[PDB]
Each structure stands twice: as structure tokens, then as C-alpha cells.
Amino acid sequence: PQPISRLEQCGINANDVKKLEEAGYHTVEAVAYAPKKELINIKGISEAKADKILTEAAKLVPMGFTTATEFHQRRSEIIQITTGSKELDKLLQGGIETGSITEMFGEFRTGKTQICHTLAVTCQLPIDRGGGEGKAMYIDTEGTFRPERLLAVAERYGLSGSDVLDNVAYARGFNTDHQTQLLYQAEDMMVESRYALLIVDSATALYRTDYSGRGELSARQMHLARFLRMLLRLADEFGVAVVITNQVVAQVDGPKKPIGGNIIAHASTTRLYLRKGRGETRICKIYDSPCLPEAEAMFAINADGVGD
Amino acid sequence: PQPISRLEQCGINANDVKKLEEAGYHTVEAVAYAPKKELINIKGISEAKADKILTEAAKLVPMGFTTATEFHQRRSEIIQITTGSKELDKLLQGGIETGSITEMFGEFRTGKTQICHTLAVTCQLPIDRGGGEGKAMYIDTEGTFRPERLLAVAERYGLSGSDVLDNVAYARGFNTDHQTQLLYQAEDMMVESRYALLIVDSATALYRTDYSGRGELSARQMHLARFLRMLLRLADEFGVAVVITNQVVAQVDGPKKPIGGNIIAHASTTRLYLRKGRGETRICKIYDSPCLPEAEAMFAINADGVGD
Amino acid sequence: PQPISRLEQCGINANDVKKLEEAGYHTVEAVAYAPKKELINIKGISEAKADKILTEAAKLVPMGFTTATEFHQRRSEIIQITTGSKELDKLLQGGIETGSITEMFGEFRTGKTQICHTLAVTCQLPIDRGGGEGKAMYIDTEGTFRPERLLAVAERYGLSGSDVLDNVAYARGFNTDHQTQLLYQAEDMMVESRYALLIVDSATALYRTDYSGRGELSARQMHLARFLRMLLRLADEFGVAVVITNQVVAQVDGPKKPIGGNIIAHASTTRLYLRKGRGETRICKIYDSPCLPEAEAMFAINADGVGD
DNA sequence: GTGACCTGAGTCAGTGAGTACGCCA
DNA sequence: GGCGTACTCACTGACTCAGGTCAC
Ligand SMILES: Nc1ncnc2c1ncn2[C@@H]1O[C@H](COP(=O)(O)OP(=O)(O)NP(=O)(O)O)[C@@H](O)[C@H]1O
Ligand SMILES: Nc1ncnc2c1ncn2[C@@H]1O[C@H](COP(=O)(O)OP(=O)(O)NP(=O)(O)O)[C@@H](O)[C@H]1O
Ligand SMILES: Nc1ncnc2c1ncn2[C@@H]1O[C@H](COP(=O)(O)OP(=O)(O)NP(=O)(O)O)[C@@H](O)[C@H]1O
Ligand SMILES: [Mg+2]
Ligand SMILES: [Mg+2]
Ligand SMILES: [Mg+2]
């Protein structure tokens, strides 16, 4: 957490610091991730303070050509502890690749919210369970968040108390504004919420309800792309696992197809697939990942705890 | 391959040469390549100083009319870094020419970063396997550069695990402005070396999330043109391949076209479309190349690297 | 044509002829075309000197009216260069005409470079079959010169060998001032030897990438007008077939119009819109030509060249 | 042979750029 | 297999002539 408040000590005007904090941006990394074009439109920042803040931000962080040795060493802060029920974290080697946009693009009845609760609990798994991690956020656009499931999966992982594992943000969207403000206040600049989980339950569901037809596609997807960029910037800020879900559409043209299309196809790092099949048990895929190979898995929910 | 300070050794004022060095010109070609307008825009340079700088620059480097057979004998050595797949480096004649800019685009899960990952390693190779006898300076904006592959690459090529990572230069470049900036830092830090492959993985991932909406589109494409022209400058200046990769959007008629419009369409020399095929096997196509004919590959993304 | 120092040997003092030799006036036709306002601003020459050199040049070069009947005699023996395709041949009424500016624009992968490459070899074919029997100059601005593709054309028509790469002269413009300066250097290489093609592989790519905004819009259109003026001077004093190449831009208001605006739109006698057709086969439609219809035709790019 | 004085009058336009964005049984 | 809508960007500079009137 290297925020705009620590930027004050660098010699930056306090008034401009607060007038940037009142905007979306909250950290030196945030402005260093935005052009001069985005800084030019903040009222009270006029074409000179923006540039000098750009130079100060560029000098403050080592945002230059490295050799990636340090990048592999930074891989150590990143843990994939998605245990689930069976064959998670073994065949699906990367369940939570912190710093990457995991995307459970799946189907109804195939346990996307259930696995989201599992993921939220596992991101709170202590150091003894293969690494201890924090928790910062949960978006509930479709209004399906039952912390009773959190308690049930807590008992699965050996957690007696689930109120400690109660996710720090039960925010909801109600519309396409993707909960603008929480990305801004919850920039996770405190001492907690480091290597946390940022769940967006049905991130682009509301983009389907509110935004409608071809007449609103451009605005819908540009809003979506700005939102996904905000997610990616949040992930780049320290390290956080951006785990989102998504629903399928039906290809009447002549069986799942992306919703959000190529914006979410390219934005998300490790995109994922879920299937029901036969019996109670359901199948997944390992689908997109620059590191993992295509494969399938095998899992089932229980009442006293859930896998995938 | 002649450092800019050598013009000072000719007799040009030391203050002028250093102020040009921090002006974005780090080779005797950098000053010669640009027009007088950019040199004039530099602080401390008048019209006369710029004119004498241009004359002394044109004195050294041959800006003349060499017959096409001279260029053909220059074309005997092209290096043509191999791809790793027998069919892929057969569709490409010998590979990809060094000294021209190549672009790879496709939908998700098409192995653009896979081709980059298994084609940058093939540059720090003896020419016996179509190597380049150079290094890499992979630049990557989305963080698709997952280090697990980055250190699981080297088991097939015949090289140790130490001298693959130690021969790449990775930064992030999480801005539209940071792309050209990183190009400048790369030029000034790699003039004193012998590189064979500069990779700009996602040239246009950052020209969507950043410059949102029309009206803001023209500045987006002007910045893209600036970046692409400086990119092309690194080809004549250092004789390297500068492979970039692209993305797609749904061309809603009311399904596959590259982003960047007609600015990335023209600057690129060779354009490769990667598409998911029947099963794990991929399909590559020659979209837009000056010498290469249109044909399809069938390369398969294997664990060691792109094979067939 | 006659070189600059022809009447000077018995006329003006050789010193001022060598003084104006730096100003890029390497033929007495060029001095004839010269405005007095553009000769007062060069060093050495006074009012009386400028007037006397202009009177001498006007004595050497015809300047007034001429009955269109005799100019029809000139136009009946001009040479039209074969394009390399049989169907493009009749479409362009004998192919690319000489002594005038021709401009083919289009999106990528439309074969604009490919037609120029085949034009560079068909520049040397005999008078009974090919275009002008002369050395082909290839001022190139994108680096997409492929001598290999030149050869494949040489196998056809039975002019194989590197004897076609010796005739072709290849420059490489690196900016706008230099692309303009290269026409001063190219000015003297055509008064001493026969050249029959003035391919500027992209007339406007560097204008697009050099002058950034709207503040530079008046400047760049002025400079481009000057460049097209010297192009027209070359075309109408050497009788070379200038073949410039234009890119495209996308209309956002409502769909691909060429870049350059009302300057190059008016100042490019013949315009072609090459468009991709189906498969490997592309289409060439006429856009703006004062003497041939606005139809559209067919062609394709093979491993041999741009033929059927 | 001696002996300086007095400011008026405005002008004349030019240059286009730049695509995005899936949907539904 | 019948489905549309979205707008903002700016800098440019060189220019000349004209005179004529007196007494102590
Ligand atoms: N506690 C449980 N025990 C066993 N099976 C369960 C349990 N909870 C849910 N399930 C099963 O898992 C499915 C959950 O599907 P899920 O995709 O999470 O629901 P949804 O309504 O599609 N939510 P979302 O996809 O986030 O919009 C249910 O339909 C049941 O078949
Ligand atoms: N070890 C491996 N063995 C086999 N296949 C692998 C292996 N690692 C990666 N792959 C495959 O390579 C594919 C390419 O990854 P991909 O999703 O294209 O990365 P990306 O190019 O960064 N994504 P995008 O930007 O959407 O193209 C994966 O989906 C796997 O199918
Ligand atoms: N040997 C060949 N055989 C057949 N077709 C070929 C061959 N070489 C190139 N082509 C075709 O020519 C196309 C390229 O045309 P080109 O003239 O390079 O377009 P351009 O618009 O000038 N390129 P850019 O630099 O992106 O503007 C390729 O996409 C192929 O379709
Ligand atoms: Mg469900
Ligand atoms: Mg890919
Ligand atoms: Mg071309």
C-alpha cells in the first residue's frame, strides 16, 4: 500500500492530493497506471500538476525493465489453495492465481455461487492450511449470498467460527453501475486485505438486465471494459485474486457461449468452464490459462461443506 | 549500432549531445531518423542547431539509393527466429524476419503469448536451430507473463534454466503513455547490447480500457500511431524482430476482427490469425504478410513449447 | 530533360549554379518551374540574378500554351506500365500510367505493396510487353521492401536473375523531411540515367505518424502539399510513373475513407480503392480518375505475383 | 548672410482525424 | 434469425513607402 497520502511526503501539494483522493484514484500506483489524459480531466489538476505527479510517480516505483527473477520471487506471495472437494488444486493446479482474473464462466445449477463461498472461505484459510490469506470484497449483483453456506463450508475446512470468516463486504449492485464507489474506497490500502479475494458474483449479469439490445451494446461493453480495467488495476495493486463468475447464453444459431464477449475473453487471465453432466456430481474444465493445459475435473457438493 | 555520443566525438557540442540523449535520441540513427520538427521541439535547440545536427547525422549513416541487389545481399542474413514447430516455421518460410514488425491476433485461448513465449527462447539459440544469438526484452501489459511457464520452458531447447531468464528483459507498461516511454528506455538500455527479439505482447489491450468512447478515439489512435512508428524505428536501428500481439471484438452486423482499427492494420508487416481448432490442436493463418503466401498451420501447444 | 549546369557553361556564372545546386535544383526544368519567391530566399542569388536565370530557363524550357492536338501527340506515345494482372490491365486502361501521380489506397492485406513489387519488375520489361524498360526507384517508408518477391516476378516474363535487382534503386525514407530530401537526391539520379518508376511505398504513413494533433494539421497538410508538388515536378519533368500509396481512416459519425484530407484527395490524379474480396481473391474499384470509369474489377495474389 | 517645419496610413485565411461493441432459447 | 447506438479534438505571421514651402 503506497497511497496518495504517502505521496504528500514526496513534496506534492496537499490540496491536489485530496482533490485526487476525492476522485476514483487512491494510490501512487493508480495514477501511475493512468495517462496524462485521465489526469487532465480531474478538476483542480491543470496540465502541470498532472505532469509533475506523473514524474513523481514514475520515479517513486521501479516501473522499468527488470529481468523477471524478482517476478518469480514475487510468485512466492501467491498461493493456490483452492482445495474444494476432490481434484481441485491437483489437476486444476491454479485455483486462485493471485494477480490474475479467474473467471468461472459457468452454467446455472453447476455451483458457481457455492464454489464462490468455498473460495471466499479458502482465501481466509490460515497459515497452517498451506498459507494464510486475507479478504477484502464480495459483490452480490444477482442477490445470492447465503453466509449459511459460508458456515457449512467453514466446518468442511476445519473452521469452527464462520463469523471471523464473514466476508468483509456484502455489497450489491442493483444496476449496471457495477458498484462504482467500492472499487474506490476499498482500494485495500489498510494493513489487512493483503493477498485477498475480490469476488464479483455474476459480474456481467446486470449488464444483461439493465443494458438491453444492440442500442446499448457499445455503452454496456465500454462500461464493462472500464470496470474490468479497474479490476485488473486492483489486482496489479499489491496482489489480489480477482475471482469473478458469469453465466452462459444459448447459441440459437446452431453448448455455452461467452456473455460479455471478447472484452471478458481477453481481459480475464484464467477463464474457466462448468458443466453438470450426469448424477449429482459435476464436471469443470481448466480452459484458458497461459500456464495450465486444458483438462477436466470431478467434484460434488455436500450439505456440511461444499467443493465446486 | 553506433552510439549517439560518437557524434560528439566528431565535434558536436557535448551539451547538445547529452541534451539530445535525454531528449529521446540514444543512437546516431535516432537523431538522423527523426525530422527537424521534433529536434526543434527539444529545449535548448534552435533552428540552426537542429539543421547542423541533421547535416552531421546524414553525413555518417547512408541515407542513399542502394540498388536492390545490395539490399538483397543485406537480406542474406535475416536470422528468421524459428517458432519451434516444424510446420509453423514452414508456413513462415524460415520463420519471422528480423527488421520488420509482426502481429499475432485471435480469440481467447489461441496461444499468442504461447508463440511469444516459445519464440523468444528460440532467439537465444545458435542459428543451428534458427536462433538469433541475442536476447529478449519481452514487454507485457496484462501480466499474462505467468512465471511458472517462464521457468518451466527450458527442458526441450537444449539450454540450462539459468540462461533463459537471465536473457530476457521484462517490465509491465501499464499505461498507454508507458508504452512509448518503455520503448525509449529499451532503446537507451539495449543500444549497448545485441538483442534479437523485442516482444510487445499486447499493444492494443491498453488502447481500449484507457481511451474509452468515441471523441476520445482520435487521441487513442494518434497515440497508437506514435507508438507504432517508434516501434518500427527500432527495426531499422537495431535489426531485430519486434513481434506484437492483438485482440478481437465482435463486429456486430445486426465475429472476429482485430482491434486497433486501421492504424495497427497498416504498420504491421506480417499478420497471423490464431484460432481454436478441432481439439487441442491450433490453427494459424497468414492474414497480411508481404512475402508469405496465405496458408494454414496446425501447430499444437505442447508443454515444452509450440510443437506440431 | 537537361541537367542544371547545361546553359551555365555559356550563360550564368558557374559559382551561383553550384550555389543553387544545394537547393535541390539539379535540372534546368526544375529551375524553370521555380518561383521567384522561392529563389529570393536562397543565399547568393539577387533580384537581377534570379530574373536572368529564370529568363534563361524559360528560354530553354517551353512554358506557354500548346494546342491540345499536339499535346495529344505527346499523350498518344506515353507508356502505361503493366500491372501484373490481366484483369487489372483493362480496368486501369493499360495499367499504371506514366508521367502522372497514381495512388492506390486500401485497408491492409489488399496487395498495395504486392502490386508495387510486381510493378518494380514490370518496370524493366521490353517496350512490346512491359512498362518503360527502365530502372525502377523504390523510395520506401515502411520497410516492406521484399527483394525476394521481386525475384518471383522475374521468373515470370522470362527476366529472371539478379539483373533486375541491379536495375532497381532502393531508397528508405525515415521521416517526412528526409522523404522530401530524398527527392533532391533522387532528382540528380534521373537526369543521368533512365528511371521509369517512382514508387513511394507510402506517401502518407510518416505524415500520419509525425504530425500528431490538430495544431499540426495546418502544418502537415502544407508539407504534404509541398511533397506532392515535388512529386508532380518529378512526374512531369522526368516522365516517371509516380505510384504513391495511401492508407485508410474510419468514419465514426455514422465506411473507410483515405487519410490526407482534401489535399491528397485533390492532388492524386488516379485513385484506386483496393478491397479484399473472397478467399485469396481481392477486388479493385476505381475512386477518382479524370479519364476512366468508376467500375470495379477482380484480381488475386499468388506465389508468382498479383495476377489472376 | 539669416532662417526649420511638419506624420499619414491596415492587411489577409487555413487545415481533417479517428472505430467499438454480443444476444438469446 | 431478428436485434443500433455512441463525438470530441487548435494551432498557425509575416508585410513599407510617401516632400516641398520663402522673404527679409
Ligand atoms: N448445499 C448444497 N448441497 C448440495 N447441492 C447444492 C447445495 N447448494 C446448491 N447445490 C446445487 O448446486 C446448484 C447451484 O448452482 P449455482 O450455479 O451456484 O446457482 P445459480 O442460481 O445459477 N447462481 P449464479 O450462477 O451465481 O447466478 C443448485 O442448483 C443445486 O443443484
Ligand atoms: N503445459 C501445457 N500443455 C499443453 N497446453 C498448454 C500448456 N500450457 C498452456 N497450454 C495451452 O495453451 C493455451 C493458450 O493459452 P491462452 O489462453 O491463449 O493464453 P493468452 O494467449 O495469454 N490468452 P488470450 O489473450 O485470450 O489469447 C491454453 O489454453 C492451453 O490450452
Ligand atoms: N507469395 C504469396 N502468394 C500469395 N499471396 C501472397 C504472397 N505474399 C503475399 N501475399 C498476399 O499479399 C497480402 C499482402 O498484401 P500487402 O501489399 O502486403 O498489403 P499492405 O496493405 O500493403 N500491408 P501493411 O503493411 O499492413 O499495410 C497477403 O496478406 C497475402 O494475401
Ligand atoms: Mg446455478
Ligand atoms: Mg492466447
Ligand atoms: Mg504495403
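Any residue that is of a type in the set (S, T, N, Q), more than 30 Å from C:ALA34 (Cβ to Cβ), away from ligand 3 (no atom under 16 Å from the Cβ) and in contact with a strand residue (DSSP E or B) (Cβ under 6 Å, 6 or more places away or on another chain) - is there at least one of those in the stretch C:154-170? Scanning the stretch C:154-170 turns up at least one residue that is of a type in the set (S, T, N, Q), more than 30 Å from C:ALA34 (Cβ to Cβ), away from ligand 3 (no atom under 16 Å from the Cβ) and in contact with a strand residue (DSSP E or B) (Cβ under 6 Å, 6 or more places away or on another chain).
Within the group A:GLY254, A:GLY277, A:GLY215, A:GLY260, which residue is on the phi > 0 side of the Ramachandran plot, away from ligand 4 (no atom under 16 Å from the Cβ) and more than 20 Å from the chain's Cα centre (by Cα)? Working first, answer last.
Values: A:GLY277 fails: away from ligand 4 (no atom under 16 Å from the Cβ); A:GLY215 fails: on the phi > 0 side of the Ramachandran plot; A:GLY260 fails: more than 20 Å from the chain's Cα centre (by Cα).
Only one candidate passes the filter, namely A:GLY254.
Of the residues A:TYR184, A:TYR207, A:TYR157, the single one that is surrounded by fewer than 17 Cβ atoms within 10 Å (Cβ to Cβ), out of contact with any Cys (no Cβ under 8 Å at 6 or more places or on another chain) and either within 14 Å of another protein chain (Cβ to nearest Cβ) or not polar (S, T, N, Q) (or both) is A:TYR184.
For (1) assigned to a helix (DSSP H, G or I); (2) surrounded by fewer than 14 Cβ atoms within 10 Å (Cβ to Cβ); (3) away from every other protein chain (no Cβ under 11 Å); (4) touching a strand residue (DSSP E or B) at 6+ places or on another chain (Cβ under 7 Å), each residue gets a yes or a no:
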position: B:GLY24; (1), (2), (3), (4): no, no, yes, no
position: B:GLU29; (1), (2), (3), (4): yes, no, no, no
position: B:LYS37; (1), (2), (3), (4): yes, no, no, no
position: B:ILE45; (1), (2), (3), (4): no, no, yes, no
position: B:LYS49; (1), (2), (3), (4): yes, no, yes, no
position: B:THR55; (1), (2), (3), (4): yes, yes, no, no
position: B:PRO62; (1), (2), (3), (4): no, yes, no, no
position: B:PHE71; (1), (2), (3), (4): yes, no, no, yes
position: B:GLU77; (1), (2), (3), (4): no, yes, yes, no
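Tell me, please, whether a residue that is closer than 19 Å to B:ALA68 by Cα, within 12 Å of another protein chain (Cβ to nearest Cβ) and away from ligand 5 (no atom under 16 Å from the Cβ) can be found in the stretch C:218-231. Scanning the stretch C:218-231 turns up no residue that is closer than 19 Å to B:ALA68 by Cα, within 12 Å of another protein chain (Cβ to nearest Cβ) and away from ligand 5 (no atom under 16 Å from the Cβ). With the requirement that a residue be within 16 Å of ligand 6 (Cβ to nearest atom) and on the phi > 0 side of the Ramachandran plot, what does the stretch C:107-156 give you? Answer for the stretch C:107-156, where residues must be within 16 Å of ligand 6 (Cβ to nearest atom) and on the phi > 0 side of the Ramachandran plot: C:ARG109, C:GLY111, C:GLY143.
Matching residues to (1) more than 12 Å from ligand 1 (Cβ to nearest atom); (2) outside any loop (DSSP other than H, G, I, E, B):
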position	(1), (2)
A:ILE259	no, no
A:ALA265	yes, yes
A:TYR273	yes, yes
A:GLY279	no, no
A:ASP288	yes, no
A:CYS291	yes, no
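If the condition is being in a loop (DSSP other than H, G, I, E, B) and either touching a strand residue (DSSP E or B) at 6+ places or on another chain (Cβ under 6 Å) or buried (at least 17 other Cβ atoms within 10 Å of the Cβ) (or both), then the stretch B:299-308 contributes B:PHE299, B:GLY305, B:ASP308. In the condition set (1) touching a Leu at 6+ places or on another chain (Cβ under 6 Å); (2) under 20 Å from B:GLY134 (Cα atoms); (3) not aromatic (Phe, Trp, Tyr), B:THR69 is compliant with all but (2). Looking at the stretch C:82-161, the helices (runs of 4 or more DSSP H) lying wholly inside it that each contain 1 or more residues that are farther than 30 Å from B:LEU92 by Cα and more than 16 Å from ligand 4 (Cβ to nearest atom) sit at C:86-91. Checking each residue in the stretch C:199-219 for being more than 11 Å from DNA strand E (Cβ to nearest atom) and not aromatic (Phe, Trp, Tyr) picks out C:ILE199, C:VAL200, C:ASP201, C:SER202, C:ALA203, C:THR204, C:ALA205, C:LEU206, C:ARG208, C:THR209, C:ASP210. Considered as a group, the residues in the stretch A:191-212 that are among the β-branched types (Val, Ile, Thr) and assigned to a strand (DSSP E or B) include one that is farthest from ligand 6 (Cβ to nearest atom), and that residue is A:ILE199. Each residue in the stretch A:197-222 was checked for being aliphatic (A, V, I, L, M), near DNA strand D (Cβ under 9 Å from one of its atoms) and closer than 14 Å to A:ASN246 by Cβ, and 0 pass. Looking at C:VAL248, C:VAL252, C:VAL243, just one residue is surrounded by 15 or more Cβ atoms within 10 Å (Cβ to Cβ) and over 30 Å from C:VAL31 (Cβ atoms), and that residue is C:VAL248.
Looking across the stretch B:128-151, the residues that are small (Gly, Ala, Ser) and more than 8 Å from chain A (Cβ to nearest Cβ) come down to B:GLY130, B:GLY131, B:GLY132, B:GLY134, B:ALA136.
Just for the stretch C:106-138: of the residues that are buried (at least 24 other Cβ atoms within 10 Å of the Cβ) and hydrophobic (A, V, I, L, M, F, W, C), which one is farthest from DNA strand E (Cβ to nearest atom)? Checking each candidate, the answer is C:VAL121.
Checking A:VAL191, A:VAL248, A:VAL240 one by one, the residue that is in contact with a strand residue (DSSP E or B) (Cβ under 6 Å, 6 or more places away or on another chain) and not acidic (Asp, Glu) is A:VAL240 and no other. Of all residues in the stretch A:274-292, those satisfying the criterion of being more than 21 Å from B:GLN247 (Cα to Cα) and within 16 Å of ligand 2 (Cβ to nearest atom) are A:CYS284, A:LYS285, A:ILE286. Pairs linking a residue in the stretch B:249-277 that is away from chain C (no Cβ under 14 Å) and closer than 23 Å to B:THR98 by Cα to a residue that is of a type in the set (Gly, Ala, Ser) and more than 16 Å from ligand 6 (Cβ to nearest atom), with Cβ atoms under 8 Å and 6 or more positions apart or on different chains, are B:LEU274/B:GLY106; B:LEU274/B:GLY111.
Here's the yes/no breakdown for (1) hydroxyl-bearing (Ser, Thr, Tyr); (2) touching a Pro at 6+ places or on another chain (Cβ under 8 Å); (3) not in a helix (DSSP H, G or I):
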position	(1), (2), (3)
C:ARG214	no, no, yes
C:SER218	yes, no, no
C:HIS223	no, no, no
C:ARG229	no, no, no
C:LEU234	no, no, no
C:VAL240	no, no, yes
C:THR245	yes, no, yes
C:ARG282	no, no, yes
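Mind listing just one residue for me: the one in the stretch B:278-288 that is within 16 Å of ligand 6 (Cβ to nearest atom) and closer than 13 Å to B:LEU91 by Cβ and, of those, nearest to the other protein chains (Cβ to nearest Cβ)? Top of the filtered list is B:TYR287. Taken over the stretch A:265-274, the residue count meeting the criterion of being within 18 Å of B:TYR207 (Cα to Cα) and buried (at least 24 other Cβ atoms within 10 Å of the Cβ) is 3. Yes or no: A:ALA295 surrounded by fewer than 17 Cβ atoms within 10 Å (Cβ to Cβ), away from ligand 3 (no atom under 16 Å from the Cβ) and within 11 Å of another protein chain (Cβ to nearest Cβ)? Yes: the conditions hold for A:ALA295.
Read-outs: derived from the displayed coordinates by stated rules, not from any lab. Cβ: placed from backbone, ideal geometry, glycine included. Neighbour counts: every protein chain shown.
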